[PDB]
Structures are given as C-alpha cells and as structure tokens.
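Those protein sequences? They're chains i, 2, b and u, same order as listed.
Counting the first sequence from 1 gives a position; the entry's author numbering is that position plus 1.
Residues 7 to 150, 164 to 175 (the entry's author numbering) make up the second sequence, in order.
Residues 1 to 165, 261 to 391 (the entry's author numbering) make up the third sequence, in order.
Every letter in the fourth sequence is one number past the one before it in the entry's author numbering, and letter 64, counting from 1, is 64.
See structure below.
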Amino acid sequence: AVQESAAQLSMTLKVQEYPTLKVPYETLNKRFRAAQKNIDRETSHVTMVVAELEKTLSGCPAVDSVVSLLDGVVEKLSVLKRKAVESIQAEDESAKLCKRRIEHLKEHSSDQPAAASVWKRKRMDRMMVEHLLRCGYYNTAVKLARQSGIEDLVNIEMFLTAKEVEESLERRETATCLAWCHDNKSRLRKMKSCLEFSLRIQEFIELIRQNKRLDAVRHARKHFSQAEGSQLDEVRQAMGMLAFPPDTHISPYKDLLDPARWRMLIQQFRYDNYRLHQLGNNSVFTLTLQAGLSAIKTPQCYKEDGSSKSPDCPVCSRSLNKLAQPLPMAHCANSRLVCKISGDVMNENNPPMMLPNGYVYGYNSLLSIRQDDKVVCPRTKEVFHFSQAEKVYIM
Amino acid sequence: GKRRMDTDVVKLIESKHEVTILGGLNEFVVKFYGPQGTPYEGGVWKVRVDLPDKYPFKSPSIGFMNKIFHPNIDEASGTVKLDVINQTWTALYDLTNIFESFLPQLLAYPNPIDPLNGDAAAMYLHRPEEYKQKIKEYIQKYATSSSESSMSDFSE
Amino acid sequence: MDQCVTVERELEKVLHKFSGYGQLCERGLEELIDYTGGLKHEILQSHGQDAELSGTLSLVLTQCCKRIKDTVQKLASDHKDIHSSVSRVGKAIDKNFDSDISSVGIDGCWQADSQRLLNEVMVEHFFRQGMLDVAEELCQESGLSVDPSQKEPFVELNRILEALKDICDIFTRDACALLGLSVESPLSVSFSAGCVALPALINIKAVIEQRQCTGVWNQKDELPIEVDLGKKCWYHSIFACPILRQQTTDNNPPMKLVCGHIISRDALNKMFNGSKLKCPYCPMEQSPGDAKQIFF
Amino acid sequence: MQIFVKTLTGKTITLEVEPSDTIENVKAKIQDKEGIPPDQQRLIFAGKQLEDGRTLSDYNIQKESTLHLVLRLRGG
Ligand SMILES: [Zn+2]
Ligand SMILES: [Zn+2]
C-alpha cells in the first residue's frame, strides 16, 4: 500500500543496513591479521635453518652434513607455501562474502515492479531474522532464514557462537570461553577486557576445590607470574586458599567458592560480546515498527464508540492497537478528507458538499446515490432534496 | 497559543531556514537572503522576529538588524512597514508565509507614495540609477588515508 | 546507489590485490622449492666423499642462501603492504552508513508486556503467508499457544499451498479474503511506513540539534513533521483546522460560516470582536451565532 | 496543460487552462475552486506579480508549473 521511490529506498539503506556490512568486514580484518601472523612465523622458521646452514658452510663441512640441511630447508619452504596458500584462501573467501552482500544491497534499484516486491520481502525477512536472533529464538530464526532464502545475507554464525559459549559457561565449563577470548585477543585487549584473567582464576579455584594443590601451584606459576595492579591483589587473595579445605565458612573464601561466580562470568562475557559487536539497546526491526506505528496512528483509532474504527487501518487491529498505545501520534497540518459513501478522496476534482442535515459527502458519491430527484443520507436515513446540498470550501 | 509558535518555528526550521534562538521561543533571528532578479540580489541580512502571547491572533514584530535602503523600511531601527503585518493580519498567516512571500514581495515592489524613508523614495522616484548605485554600496558595505591502525608481532 | 559503489570500489581493490599476491607467492615459492631441489641433486653427480665441498660450490650455495632469504622476507613484507586497503574499506563503510540510529519515538517503551503482543503479531503474520513451519517453531519457543479454532482454517491453506507448490498468490488472496481478513498483513504496512518515516525523523531531530535549539518541539506526544505515505494509506478523515493547525476532535467540532470556509469552534470563539466576525479569506461580516456544525 | 497553484495554507491545487487564457479567467477558476473573491487575489510566479489582462504565454508559463497565491498587500 505504501509507495516508495528510489531516493526513499536509498535513505532507508543509509539508515538500516550497517551491521550486514560491518560484521563481514570485521571477520575479514581478523582473518587478515591471523594471515600476517602465520606468514611471519613461517618466515622466521625458514630463516632460522637458512642461517644455520650459512654458519655450517664456513667450517668446510661434509656432503652428508649439508644434504640433511638442504632437505630441511626444502620441508620448511613447502610448509610455508601450504600455510600461506590456505590463509590467503580464507582471506579471499571473506572478501567474496563482503562483495556478495554489497551486490545484494545494490540490487534494490531494479526498474521492474516484480523485483522490488521480492527485494522488500527479503528486507523484511532479514530484519525479522535479526530481531528473532536477538530475542533468543534460534531454531525459528534458522527456519525463517532457510525458508526465505536469505541464509547468506544474514549473520547467524556470531549469534550461534555466543550462544554455544554461554551455554558451555553455564555447564561449569572453562575451555570454550577461553578459546573465544584467545581468538579475539587483539580487539579484547584494545577495549581493556579482563575476562581471560577471570577465567584463569576460575581454573585455579576449580583445581583447588577438588584438592589438587601441586597442579594448582604449577598453573599459578605458569599464569599468575606477571600480575600487577588489582590483578596482583586478586592473585594474592586466590593464593590465600592454599591453607584451607574446600569447606570453609570464612568471608574471603566461602563467599567466593560459592557457585555464584559463574553468574558474574556469564555477565562479563555478555558485556564483552555486547561491546565487541556494536549491538544497540534496540534492533532495527523494533525502531522501524515504532516509527511506522507512530506515523500511522491517529486520534480516531482510540474512540470508545467504535464507529470510527476501519477494517483496513493497521493500528485499528486489536494487537497493534494494544501495542502502539504509548507511541507518539501522527502530525497532520493539512486536511485529508475521505468520503464515507465510496471511500474516495474529496479533493478539488471531487468537491465536498454538505447536506442541510450537517453531514458532508462527495459530489460523485451524491450523483451515484441519487434516485429520481432525491438524496438519502446513509447515516440518519433521512431523505433530502438534491438541490439543497451546498458546496463546502476547505482552506 | 504556544503550540502554534512551536509549529511555526518547526516548519521554518524544516524548510532550510537559518534560525537562531536568543532568549526562548518568544524571540529569535532568521537569516534572510535577497531575492533573485531584484537589485537586492546577493545580500544576506539578519532579521529579528518576536511573537506576542496572543501570537496566532496578535501580529508579530519583525525588524532588520542590518541597514536596508528601502522606501519603507526604517534606516535606523528596521521596522518593516508591511500592511499584512501591521493592520491586515489574520490568524491564518505564519512565519513561513512571511519569509517566503511577504518580504520578497515588499523588496521587489516598493510603495513610494506614502513611504517611511523620505530620502529613499525621493531618490527612487527621480534617479533610478543613483538608487541602484546606493543600494549596491549598502549591500557591499553592511550586508555581505590516515596512518594505518597498529599491528602486533607473532608468538611461538 | 552511490554508497554501494563507493564500498564496492574498495572491495574490488582488495580482491584484486589478494588474487595477485596469492599468485605471486605461489609461483615464487614453487620456484625456490624446485631450484633448491635441483641444487641438491647436483651434489650427487660430483664425487660423494666426505668433506668434498670445493670452492666451486661454496659460493653457489652462499648465493642460493642469500636469494632464499631475500625472497622469503620480501614476500612476507608484500603481504603486510596490503593492510591499507582493508582499513579503507572499513572507513568507507563507517562513513557511508549510520551506526547509532537511536532516535527512538519513546525511550524505554516496550519492556515486558509488549514482547508477547509482538510475538503474537509475528505468529499471525506467519500464519497469513502459509509459513506454518516457522509459525509453529516460534509458538513452541515463545510459549504462547493458539486455540485450535484459530489455527484450523490456516492448516487447510498450508496443505493446499504445499500441494500447489502464478496461481499461489491468487489462491492466497482469495482464501484470506474469504476468511475475513485484509488485503495485506498489518505488519508489512507498519514496516513500510516505518521505512518511509525513519530517515526523515532522524534528519529533522539532527537539524534541530544542529541549530542549538533542542528545546523547540516541547510536545512529546506528537511527531514534529508530516510524512506522506500516498492516497492508498488514507483510512480516516482528518480535518486539521487551518488556524490552530490541530485536528478537530469533539468539544471543538468544525463549524461552517455563512461562506463555505470552515473554522474550528475554539478558533471561532477566540476571534470574537464582541459583535461581528470576519472570515480571513473573504471580506464578509457575519455573526458568531450563524454557523452550522460539520460532520465529515 | 496543467497548472499548479500553491495556496497560502500549503494546499496544492491542480487545474486545466489554455496557454492563451487571460489571467481574469484563471482568477475566476480559482474563485470557483477555492472560494476567494477575484478582487483581492495575487498571483506570484518566480517572484513576479502576474498583472491582470495578459495571457499565460506572455509570462511564459508552461505545463506542470507552480505559482503561488497570496492575498493583497501594500506598503505604508
Ligand atoms: Zn485506524
Ligand atoms: Zn469565508
């Protein structure tokens, strides 16, 4: 019903479709950084054996002492080539995904009226999938994405990864969250995230609880050996446990060994995920629906009489009537009159005419409803002479 | 009452007009550009609008801060002297109507019969070239890739 | 489509660079791994007694080592030379699109009691389109269950549509009309209106904030601008009195003067001269008692 | 040809006329549609008042052109 032009579609694109292009770019950046790391590491590995052969050559060596080094450098070059090929491939796959998404976004400008419709349907489906994933319905979101054919244009992998990490964290597990915080190490470090240290402390506590002291000491020496600031204080507090059994009732240990630190870990992970990918307080679907319901809402939709309600107004329906109650009303500084007999528009070409009763009706409707020489009011059911109608001017 | 002032100011802002509020919604200033074709073309003025408490029905006060050489505009204060603003004001007009069709029409077609600036009318009724010259003077004199993000080292 | 082209140019620069670098790296590494393999065998043709590294082969081996080094570190730096293009893509995406669009109509509005209504609306919309698998999957997780009387008429539509799959759209429209519904689902119309309206409210709320006059539109129960949705989205009749610029509800109905012009009752009463009244447009003097109420 | 008239309130009125039609005819049509006496009307096109007694071709008014309608005004 709503008519839209190319400029309005461009404005909608400028407002809405930020995440669909932001997320694959972040994946591309992360994969590129990992690629550079791998290539540099293998470069160092091959350079080491090259330098070893270079020193060896000076002291007049034997053929059996250089053939092995040649074979070794051959193997190092081969593994370097394989690891570079695989990583550059991953880079290209991410870039291709970005290109496909931007092509689909650019597709909206089709002149055919039979393609903009399916594009609008796909846009609505994408927004609904994003909203459903944010709410917490995963199977429904996957089913909708599969049935609508937008399984490539939506980003469900990050939501599923976060769900799996949180579910594992709720099962008293401490390895998945660690993998996630080591995978996204640079961005987590840049935003000053202290989740890895908390997970290490939790591991230390877990080894304390089952009465395994030497392993806990080894773990603390491996990890807790470079603490500073509040980290050092927390490390000292944790190391204080080494003289107590896992059944104490004293404030700095019993209040900490309780199964409530898992809730804090879950909250911290949720906050870190919220900061890592810029997720707003509200989804795009909710904001768009609120704007639409505000723009359609009119005072006649909340009349207790029930005569003003229409069978086509979206906010006149029960669910949308209850849903859009607090929303701001629509601004209207100009008249927009619709005839009651026919539902047409009473513009200049269809002048409004008042019957001496006091009710106005369209000219064309009056001429299509007149019988013989008589006009019948369809509300008061009172017959009126046709010539008694008076034209009405709207300033 | 107040809602009408709200609506008028919002409509003025939406129509791409430079509006600056000084001491509330009662009084503000608007940037007014000279009409094309008229000798006042290419001039920029700042005009103050004040709205009385019975605004929709009582007339507002409009005055030029800068100096305009017009047969009926005060050279010192800046009183507009328009009929549709002083005594023939209805409740249906708004600020957008003024800034879109009243000031340009007054600037294009003056009334040198019962004017407010005697010198301007005297110069306009006899020496059109001198009039154009003085207006040009007043208009010229009074109304005129970054550094790349950081990358870390590998680790065995 | 300017923003899409702007991003696509940067992504094209990235894909081309990646392909070129990959081809170059593969070819260069294949060259060395093979020459060095060929250089290994050479030593076998020469007599293989120990310590037989004469001066004819030492310089060749040193040159091979130097070339291997210089090549590896060059191909390693050539990859790092590409980092600017990805940053350019990110900058273009950030510049050409809006990150935060929290120009909410009402901040903190739908907290707990509206999620159920929204889920009900989505379930009804999924019933309407014949997508009953998604609708049942949503009903199972959300918690709400629909009555069997309100779900039975849609299972027949689902079965017939599945059997059919031109004609599907016509059959769906006919079934929806015969069931007692509208032409289009309310959710689609609301979403389209929102898509039309949001990138105008956002722009005005910013132009207002730009002029350092954020306290102009004091009223929070009405939109500051009028959005045009077309003649197809006119369901109710709005008068919008020309003097007060307000919708004429009851207790101030529109009133027709002696002339054809209409004035709201409040504006008519506030323009009283004590005795005679003048229409703003036509210079006809009437009395406040000569006016007939209008029913649209 | 079609002519657009911008009313004082904001309304846009479309009307049909002839390129050789006099301005008095346009004022009569506007009186018939909007309901304004023709003795106190004012037509503005590109910041130029349309003096009565001239055809539209004299002012070079083409199809799909917008002209403003205002009430009578003068100085003092
Ligand atoms: Zn309604
Ligand atoms: Zn009148």
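Using N, Cα and C, we set each Cβ at its ideal position, and we do this for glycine too.
Tell me which residue opens and which closes the beta strand (DSSP E) that residue i is part of.
| i | result |
| --- | --- |
| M355 (chain i) | 353–355 |
| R42 (chain u) | 41–44 |
| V284 (chain b) | Counting along the chain, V284 (chain b) falls outside any beta strand (DSSP E), though it belongs to the alpha helix (DSSP H) covering 281–305. |
| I68 (chain 2) | 67–70 |
| residue 83 (chain u) | No statement about residue 83 (chain u) is possible, as the shown extent of chain u runs from 1 to 76 and does not include it. |
| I151 (chain i) | Unbroken run through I151 (chain i): none, as it is neither H nor E. |
Note the first and the last residue of the continuous alpha helix (DSSP H) segment covering residue i.
| i | result |
| --- | --- |
| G369 (chain b) | Where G369 (chain b) is concerned, there is no enclosing alpha helix (DSSP H), given that its DSSP letter is neither H nor E. |
| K327 (chain b) | Taken as a continuous stretch (DSSP letters only), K327 (chain b) belongs to no alpha helix (DSSP H), as it is neither H nor E. |
| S199 (chain i) | 196–210 |
| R88 (chain b) | 83–96 |
| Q232 (chain i) | 231–240 |
| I33 (chain b) | 2–45 |
| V316 (chain i) | Note, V316 (chain i): premise wrong, no alpha helix (DSSP H); not H, not E. |
| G124 (chain 2) | 124–132 |
| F266 (chain b) | 263–274 |
| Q115 (chain b) | 113–128 |
| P253 (chain i) | 252–258 |
Note down, in chain order, each residue of its chain lying with its Cβ closer than 8 Å to the Cβ of residue i, except the 5 sequence neighbours on either side.
| i | result |
| --- | --- |
| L8 (chain u) | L69, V70, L71 |
| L293 (chain b) | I101, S103 |
| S83 (chain 2) | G69 |
With 16 as the cutoff for other CB atoms within 10 Å, does residue i come out buried or exposed?
| i | result |
| --- | --- |
| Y115 (chain 2) | exposed |
| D14 (chain 2) | buried |
| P25 (chain i) | buried |
| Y360 (chain i) | buried |
| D147 (chain b) | exposed |
| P114 (chain i) | exposed |
| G363 (chain i) | buried |
| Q301 (chain i) | buried |
| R201 (chain i) | buried |
| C178 (chain i) | buried |
| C263 (chain b) | exposed |
| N103 (chain 2) | buried |
| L10 (chain i) | buried |
| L144 (chain b) | exposed |
Any idea what DSSP makes of residue i, helix, strand or coil?
| i | result |
| --- | --- |
| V119 (chain i) | helix |
| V346 (chain i) | strand |
| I30 (chain u) | helix |
| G281 (chain i) | coil |
| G30 (chain 2) | coil |
| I157 (chain i) | coil |
| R74 (chain u) | coil |
| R340 (chain b) | coil |
| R32 (chain i) | helix |
| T48 (chain i) | helix |
| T141 (chain i) | helix |
| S359 (chain b) | strand |
| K351 (chain b) | strand |
Please return the same chain residues whose Cβ sits closer than 6 Å to the Cβ of residue i, not counting the five positions on each side in sequence.
| i | result |
| --- | --- |
| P118 (chain 2) | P77, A127, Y130, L131 |
| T141 (chain i) | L133 |
| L196 (chain i) | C182, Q269, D273 |
| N158 (chain b) | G130, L132 |
Within a Cβ cutoff of 7 Å, which residues of the same chain sit near residue i, ignoring the five residues on either side of it in sequence?
| i | result |
| --- | --- |
| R276 (chain i) | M192 |
| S65 (chain u) | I3, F4 |
request  = Could you tell me whether the region 124–131 of chain 2 touches the region 22–33 of chain 2, where touching means 3 or more Cβ pairs closer than 8 Å?
outcome  = no
query = Counting Cβ pairs closer than 8 Å, one from the region 45–54 of chain u and one from the region 60–68 of chain 2, do we hit at least three?
reply = By the Cβ criterion, the region 45–54 of chain u is not in contact with the region 60–68 of chain 2, since fewer than three pairs of Cβ atoms, one from each stretch, lie closer than 8 Å.
query = Counting pairs of beta carbons, one from the region 361–376 of chain b and one from the region 93–108 of chain 2, are three or more of them closer than 8 Å?
reply = yes
message = I'd like to know if the region 4–12 of chain b and the region 37–56 of chain i are in contact, where contact means that at least 3 CB-CB pairs between them fall below 8 Å.
response = In short, these stretches do not touch, since the Cβ pair count stays below three.
query = Contact between the region 320–340 of chain b and the region 330–341 of chain i: three or more CB pairs below 8 Å?
reply = Taking 8 Å as the limit for Cβ pairs, the verdict is that the region 330–341 of chain i does touch the region 320–340 of chain b.
ask   = Do the region 345–359 of chain b and the region 39–57 of chain 2 touch if we need at least three Cβ pairs shorter than 8 Å?
value = The region 345–359 of chain b vs the region 39–57 of chain 2: no contact.
ask   = Can at least three beta-carbon pairs, one atom from the region 33–44 of chain b and one from the region 64–74 of chain i, be found at a separation below 8 Å?
value = yes
Three CB pairs or more closer than 8 Å across the region 82–91 of chain b and the region 25–41 of chain i = yes
ask   = Do three or more CB pairs link the region 286–302 of chain i to the region 280–292 of chain b at distances below 8 Å?
value = yes
query = Does the region 324–335 of chain i come close enough to the region 297–316 of chain i to have 3 or more Cβ pairs within less than 8 Å?
reply = yes
inquiry  = Check whether the region 304–318 of chain i and the region 48–60 of chain i touch, using three or more Cβ-Cβ pairs below 8 Å as the test.
reply    = At 8 Å Cβ cutoff, the stretches do not touch.
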